[PDB]
Amino acid sequence: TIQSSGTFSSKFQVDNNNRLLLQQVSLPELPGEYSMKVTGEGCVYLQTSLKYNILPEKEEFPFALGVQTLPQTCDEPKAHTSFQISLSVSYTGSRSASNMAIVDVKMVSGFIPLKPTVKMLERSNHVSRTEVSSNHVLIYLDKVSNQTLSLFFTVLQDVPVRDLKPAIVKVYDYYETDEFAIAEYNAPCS
Amino acid sequence: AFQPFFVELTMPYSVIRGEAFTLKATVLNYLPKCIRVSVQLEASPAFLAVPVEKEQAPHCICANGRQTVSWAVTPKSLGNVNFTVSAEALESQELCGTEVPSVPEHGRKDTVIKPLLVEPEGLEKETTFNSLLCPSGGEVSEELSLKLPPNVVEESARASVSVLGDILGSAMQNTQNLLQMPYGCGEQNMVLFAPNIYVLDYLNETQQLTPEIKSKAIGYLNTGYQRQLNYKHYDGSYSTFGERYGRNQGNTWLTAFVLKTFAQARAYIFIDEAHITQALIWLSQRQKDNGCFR
Amino acid sequence: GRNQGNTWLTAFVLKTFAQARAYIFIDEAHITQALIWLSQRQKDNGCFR
Ligand SMILES: *[C@@H]1O[C@H](CO)[C@@H](O[C@@H]2O[C@H](CO)[C@@H](O)[C@H](O)[C@H]2NC(C)=O)[C@H](O)[C@H]1NC(C)=O
Ligand SMILES: *[C@@H]1O[C@H](CO)[C@@H](O)[C@H](O)[C@H]1NC(C)=O
């Protein structure tokens, strides 16, 4: 029994045949409250998940994703398409946890990379997996760094017409206690 | 095989909140005949379609006639959405050009139906919860409260539930892969042999998976252990390259992970019960009598 | 494989392998493996054949 605040109660049932049956049900309430009740013999476990978006406009935070997009503006008829975006990043909390794993680097709405493939192809800094996702970039496994490094890479304009809101590609995990340290900047050519 | 008409499009992408992208449509006549095609799109209140070519109809072209046909649209909903357009050729209008046959077969009107994704506003995540209930011929009930709305975005948040017991593993496409002797180093070799070992367990266990590549991975493992003969220590410990570091211990995940399977691997090629007791007896030594040894 | 061998020499030495375990290093693995090979040959009741 899946009962909610809004006078709502959906029932389900399970057996040897419903064993393998996924029973998906959602609700639209801003109230999130989930009373349940079952019966029978043995133990069994159900699970929940609550999807939602975040980061409308976060405020600044400890970590430094150093990204720079282009010469400060398109301001020319040829631009909005070819602009190499240079990204330059290292957090300091780097101690005795693991090898260098984390990154995320993706495209904005309507922008296709090529040479970005080839610049990642080049980079290798004393040790590297030459790892790649074909929408992202993975040259990270190495020893603890106080430095950063950087790179630069452009796109081609896949979208001629684009409503105003940016794309931002951030993942930021350094230490359990502190805030999780985001740093950001979008594309200005708009 | 042939069609004289085919539709190319603007694949939108998983796109931004503001949904006014650039949707176009283009059909091209590869038949030599100039034919009128009456066209429109099937829309809904699920989005805010906008007529770019409001007053005038994209009308008529000839063999390989290039025309770009687009509209503006700024949806309301989020998630994957299909877009249905239709393009039909009508008769009795020999006026767009000199003439218009417009007499196709059962593939009369060209219609295209396109699932495009819209990405919502903001960075995406979820929150879940985990609840069991185990009545033993009885009854148990639980309550779960589902709320963390700080710094919230418009109409963004939803949720669901399920439970499962699945049987019948279909398949194995998750299974296969391979790597080798690590060209860069003998350092990443620890992450080589470590999962390499329990591939023994899968050859036959799986009934979907590819045992042969795991029956190859033993072909490798018939060398894998030989490195561990080299990566061990004389006193008995193990390192990335082994001994020359005496009065110390080392990591034990890998030796603990393996030393069983060294004993499952002690069938095909022979490792002794000396290699396992020496591993062991090295362990017994590190134990203090009272303290959780430093 | 499934056999034993003479033991005068190994018994004669395995001590001095442990007196010789000062100058150049032989492990306490080399002596317990020698040993544990011996414990196996013992029956539970019979003076093993
Ligand atoms: C990054 O900073 C660390 C800080 O520990 C440097 O490591 C040592 O720094 C001390 C001074 O704090 C020096 O006396 C040592 O010679 C440094 N080396 C070591 C490993 O002890 C480190 O050199 C800096 N560079 C990187 C990339 O780690
Ligand atoms: C949209 O198209 C996809 C792929 O053809 C299909 O799986 C899905 O059911 C369609 N959704 C509809 C019919 O709205």
# chains A, B, ... in the order shown; residues from 1 in each chain; ligands from 1

call {"tool": "interface_residues", "arguments": {"of": "chain A", "to": "chain B", "cutoff": "6 Å", "atoms": "only C-alpha atoms", "output": "PyMOL selection string"}}
result
chain A and resi 19-26+32-56+109+161-163

call {"tool": "write_last_selection", "arguments": {"atoms": "C-alpha atoms", "output": "CSV table (one decimal), in the first residue's frame"}}
result
chain,number,residue,atom,x,y,z
A,19,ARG,CA,9.1,-11.5,-8.1
A,20,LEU,CA,10.8,-10.0,-11.1
A,21,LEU,CA,8.2,-7.2,-11.6
A,22,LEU,CA,9.2,-3.6,-11.3
A,23,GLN,CA,6.3,-1.5,-9.9
A,24,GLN,CA,7.0,2.1,-10.9
A,25,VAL,CA,4.7,4.9,-9.5
A,26,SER,CA,5.3,8.6,-9.0
A,32,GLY,CA,7.0,14.2,0.2
A,33,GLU,CA,5.5,11.6,2.6
A,34,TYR,CA,5.3,7.9,2.0
A,35,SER,CA,3.4,5.7,4.4
A,36,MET,CA,3.4,2.0,3.5
A,37,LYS,CA,2.0,-1.2,4.8
A,38,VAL,CA,2.4,-4.8,3.7
A,39,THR,CA,1.9,-8.4,4.9
A,40,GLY,CA,2.9,-12.0,4.1
A,41,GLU,CA,5.8,-14.2,5.0
A,42,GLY,CA,9.5,-13.5,4.7
A,43,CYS,CA,11.4,-10.2,4.2
A,44,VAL,CA,11.5,-7.9,1.2
A,45,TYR,CA,12.6,-4.4,0.4
A,46,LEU,CA,11.2,-1.6,-1.7
A,47,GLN,CA,13.0,1.5,-2.7
A,48,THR,CA,12.4,5.2,-3.5
A,49,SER,CA,13.9,7.9,-5.6
A,50,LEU,CA,13.2,11.6,-5.9
A,51,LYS,CA,14.4,13.3,-9.0
A,52,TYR,CA,15.0,17.0,-9.1
A,53,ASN,CA,17.3,19.7,-10.7
A,54,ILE,CA,19.5,22.1,-8.8
A,55,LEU,CA,22.0,24.9,-9.4
A,56,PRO,CA,19.8,27.7,-10.6
A,109,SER,CA,23.4,23.0,-26.1
A,161,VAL,CA,19.3,30.1,-32.3
A,162,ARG,CA,19.4,29.5,-28.6
A,163,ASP,CA,17.4,30.8,-25.8

call {"tool": "select_by_dssp", "arguments": {"residues": "segment 92-225 of chain B", "states": "strand (DSSP E)", "output": "JSON, numbers by chain"}}
result
{"B": [110, 111, 112, 113, 114, 115, 116, 123, 124, 125, 126, 127, 130, 131, 132, 133, 138, 139, 140, 141, 142, 143, 144, 145, 158, 159, 160, 161, 162, 163]}

call {"tool": "interface_residues", "arguments": {"of": "chain C", "to": "chain B", "cutoff": "9 Å", "atoms": "only C-alpha atoms", "output": "ChimeraX atom specification"}}
result
/C:25-30,32-34,36-37

call {"tool": "residues_around", "arguments": {"residues": "residue 60 of chain B", "least_positions_apart": "6", "cutoff": "10 Å", "atoms": "only C-alpha atoms", "output": "JSON, numbers by chain"}}
result
{"B": [34, 35, 36, 37, 38, 39, 67, 89, 95, 96, 97, 100]}

call {"tool": "write_last_selection", "arguments": {"atoms": "C-alpha atoms", "output": "PDB file, in the first residue's frame"}}
result
ATOM      1  CA  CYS B  34       8.602  18.785 -59.985  1.00  0.00           C
ATOM      2  CA  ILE B  35       5.718  17.994 -57.653  1.00  0.00           C
ATOM      3  CA  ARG B  36       3.782  20.112 -55.185  1.00  0.00           C
ATOM      4  CA  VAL B  37       3.831  18.786 -51.633  1.00  0.00           C
ATOM      5  CA  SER B  38       1.382  20.187 -49.100  1.00  0.00           C
ATOM      6  CA  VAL B  39       3.033  20.095 -45.678  1.00  0.00           C
ATOM      7  CA  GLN B  67      14.309  24.453 -49.353  1.00  0.00           C
ATOM      8  CA  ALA B  89       1.482  15.603 -52.515  1.00  0.00           C
ATOM      9  CA  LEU B  95       0.546  25.933 -61.355  1.00  0.00           C
ATOM     10  CA  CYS B  96       3.512  25.915 -58.939  1.00  0.00           C
ATOM     11  CA  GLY B  97       5.519  25.142 -62.052  1.00  0.00           C
ATOM     12  CA  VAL B 100       2.966  18.543 -61.122  1.00  0.00           C
TER      13      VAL B 100
END

call {"tool": "closest_residue", "arguments": {"among": "B:172, B:105, B:47, B:82", "to": "residue 3 of chain B", "atoms": "only C-alpha atoms"}}
result
B:105

call {"tool": "residues_around", "arguments": {"residues": "segment 140-143 of chain A", "least_positions_apart": "6", "cutoff": "6 Å", "atoms": "only C-alpha atoms", "output": "short mmCIF file (atom, residue, chain, number, x, y, z; two decimals) with C-alpha atoms, in the first residue's frame"}}
result
data_model
loop_
_atom_site.label_atom_id
_atom_site.label_comp_id
_atom_site.auth_asym_id
_atom_site.auth_seq_id
_atom_site.Cartn_x
_atom_site.Cartn_y
_atom_site.Cartn_z
CA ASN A 99 44.25 8.25 -7.41
CA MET A 100 43.09 11.08 -9.63
CA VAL A 127 51.87 9.60 -16.26
CA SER A 128 48.48 9.34 -17.93
#

call {"tool": "residues_near_ligand", "arguments": {"ligand": "ligand 1", "cutoff": "12 Å", "atoms": "only C-alpha atoms and all ligand atoms", "output": "short mmCIF file (atom, residue, chain, number, x, y, z; two decimals) with N, CA and C atoms, in the first residue's frame"}}
result
data_model
loop_
_atom_site.label_atom_id
_atom_site.label_comp_id
_atom_site.auth_asym_id
_atom_site.auth_seq_id
_atom_site.Cartn_x
_atom_site.Cartn_y
_atom_site.Cartn_z
N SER A 90 42.90 22.90 -10.40
CA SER A 90 43.41 21.94 -9.44
C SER A 90 42.94 22.36 -8.06
N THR A 92 43.29 21.68 -3.96
CA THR A 92 44.45 21.48 -3.10
C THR A 92 44.29 20.27 -2.19
N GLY A 93 43.11 20.10 -1.58
CA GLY A 93 42.81 18.90 -0.86
C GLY A 93 42.95 17.74 -1.81
N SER A 94 44.05 17.02 -1.62
CA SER A 94 44.46 15.97 -2.54
C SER A 94 45.12 14.83 -1.79
N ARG A 95 44.86 14.69 -0.49
CA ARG A 95 45.71 13.91 0.40
C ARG A 95 45.10 12.54 0.71
N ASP A 142 47.75 10.64 -11.66
CA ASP A 142 49.09 11.10 -11.35
C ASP A 142 49.15 11.25 -9.83
N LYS A 143 50.25 11.80 -9.34
CA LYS A 143 50.49 11.96 -7.91
C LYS A 143 49.99 13.34 -7.46
N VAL A 144 50.02 13.57 -6.13
CA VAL A 144 49.41 14.77 -5.55
C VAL A 144 50.04 16.02 -6.13
N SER A 145 49.20 17.00 -6.46
CA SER A 145 49.63 18.22 -7.14
C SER A 145 49.18 19.44 -6.36
N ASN A 146 50.25 20.31 -6.41
CA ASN A 146 49.89 21.66 -5.89
C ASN A 146 49.63 22.51 -7.13
N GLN A 147 50.15 22.15 -8.28
CA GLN A 147 49.95 22.83 -9.55
C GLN A 147 48.56 22.55 -10.09
N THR A 148 48.20 23.34 -11.08
CA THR A 148 47.26 22.96 -12.11
C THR A 148 48.02 22.89 -13.42
N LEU A 149 47.27 22.63 -14.48
CA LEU A 149 47.72 22.77 -15.84
C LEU A 149 46.52 23.27 -16.61
#

call {"tool": "atom_distance", "arguments": {"atom1": "atom CA of residue 111 of chain A", "atom2": "atom CA of residue 8 of chain B"}}
result
19.1 Å

call {"tool": "select_by_dssp", "arguments": {"residues": "chain C", "states": "helix (DSSP H, G or I)", "output": "ChimeraX atom specification"}}
result
/C:8-19,29-41

call {"tool": "closest_atom_pairs", "arguments": {"of": "chain B", "to": "ligand 2", "cutoff": "9 Å", "atoms": "only C-alpha atoms and all ligand atoms", "output": "tab-separated table"}}
result
residue	atom	partner	partner_atom_place_in_ligand_line	distance
B:80	CA	ligand 2	1 (C)	7.8
B:81	CA	ligand 2	14 (O)	6.5
B:82	CA	ligand 2	1 (C)	4.9
B:83	CA	ligand 2	1 (C)	8.3
B:113	CA	ligand 2	2 (O)	7.2
B:114	CA	ligand 2	2 (O)	6.5
B:115	CA	ligand 2	1 (C)	5.0
B:116	CA	ligand 2	1 (C)	8.5

call {"tool": "decode", "arguments": {"residues": "chain C", "atoms": "C-alpha atoms", "output": "PDB file, in the first residue's frame"}}
result
ATOM      1  CA  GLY C   1      55.131 -35.526  -6.665  1.00  0.00           C
ATOM      2  CA  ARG C   2      53.229 -37.827  -4.297  1.00  0.00           C
ATOM      3  CA  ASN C   3      56.311 -39.095  -2.421  1.00  0.00           C
ATOM      4  CA  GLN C   4      58.786 -38.253   0.357  1.00  0.00           C
ATOM      5  CA  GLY C   5      62.553 -38.391   0.445  1.00  0.00           C
ATOM      6  CA  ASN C   6      65.569 -38.779   2.665  1.00  0.00           C
ATOM      7  CA  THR C   7      65.656 -36.556   5.696  1.00  0.00           C
ATOM      8  CA  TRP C   8      69.097 -37.000   7.317  1.00  0.00           C
ATOM      9  CA  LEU C   9      70.420 -34.177   5.223  1.00  0.00           C
ATOM     10  CA  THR C  10      67.404 -31.918   5.601  1.00  0.00           C
ATOM     11  CA  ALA C  11      67.306 -32.688   9.306  1.00  0.00           C
ATOM     12  CA  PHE C  12      71.059 -32.268   9.614  1.00  0.00           C
ATOM     13  CA  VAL C  13      70.816 -28.881   7.891  1.00  0.00           C
ATOM     14  CA  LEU C  14      67.513 -27.282   8.699  1.00  0.00           C
ATOM     15  CA  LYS C  15      68.872 -26.253  12.076  1.00  0.00           C
ATOM     16  CA  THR C  16      72.080 -24.867  10.574  1.00  0.00           C
ATOM     17  CA  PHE C  17      69.944 -23.286   7.834  1.00  0.00           C
ATOM     18  CA  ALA C  18      68.705 -21.532  10.959  1.00  0.00           C
ATOM     19  CA  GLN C  19      72.215 -21.018  12.204  1.00  0.00           C
ATOM     20  CA  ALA C  20      73.042 -19.934   8.693  1.00  0.00           C
ATOM     21  CA  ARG C  21      70.071 -17.559   8.764  1.00  0.00           C
ATOM     22  CA  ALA C  22      72.352 -14.755  10.130  1.00  0.00           C
ATOM     23  CA  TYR C  23      74.930 -13.951   7.426  1.00  0.00           C
ATOM     24  CA  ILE C  24      72.635 -14.352   4.387  1.00  0.00           C
ATOM     25  CA  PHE C  25      68.906 -14.425   4.939  1.00  0.00           C
ATOM     26  CA  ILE C  26      66.757 -17.551   4.687  1.00  0.00           C
ATOM     27  CA  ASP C  27      63.196 -17.024   5.849  1.00  0.00           C
ATOM     28  CA  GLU C  28      61.154 -18.691   8.541  1.00  0.00           C
ATOM     29  CA  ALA C  29      59.087 -19.758   5.528  1.00  0.00           C
ATOM     30  CA  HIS C  30      61.823 -22.106   4.335  1.00  0.00           C
ATOM     31  CA  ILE C  31      61.806 -23.969   7.637  1.00  0.00           C
ATOM     32  CA  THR C  32      58.068 -24.138   8.293  1.00  0.00           C
ATOM     33  CA  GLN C  33      57.481 -25.388   4.773  1.00  0.00           C
ATOM     34  CA  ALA C  34      60.073 -28.057   5.448  1.00  0.00           C
ATOM     35  CA  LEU C  35      58.251 -28.806   8.688  1.00  0.00           C
ATOM     36  CA  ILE C  36      54.702 -28.770   7.411  1.00  0.00           C
ATOM     37  CA  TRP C  37      55.729 -31.222   4.726  1.00  0.00           C
ATOM     38  CA  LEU C  38      56.692 -33.504   7.599  1.00  0.00           C
ATOM     39  CA  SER C  39      53.484 -33.160   9.600  1.00  0.00           C
ATOM     40  CA  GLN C  40      51.532 -34.297   6.566  1.00  0.00           C
ATOM     41  CA  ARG C  41      53.302 -37.637   6.248  1.00  0.00           C
ATOM     42  CA  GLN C  42      52.293 -38.588   9.764  1.00  0.00           C
ATOM     43  CA  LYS C  43      49.258 -40.829   9.860  1.00  0.00           C
ATOM     44  CA  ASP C  44      46.764 -40.477  12.685  1.00  0.00           C
ATOM     45  CA  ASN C  45      47.517 -44.017  13.946  1.00  0.00           C
ATOM     46  CA  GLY C  46      50.069 -45.816  11.781  1.00  0.00           C
ATOM     47  CA  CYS C  47      53.820 -45.386  11.587  1.00  0.00           C
ATOM     48  CA  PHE C  48      53.345 -44.064   8.052  1.00  0.00           C
ATOM     49  CA  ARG C  49      54.548 -46.355   5.281  1.00  0.00           C
TER      50      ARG C  49
END
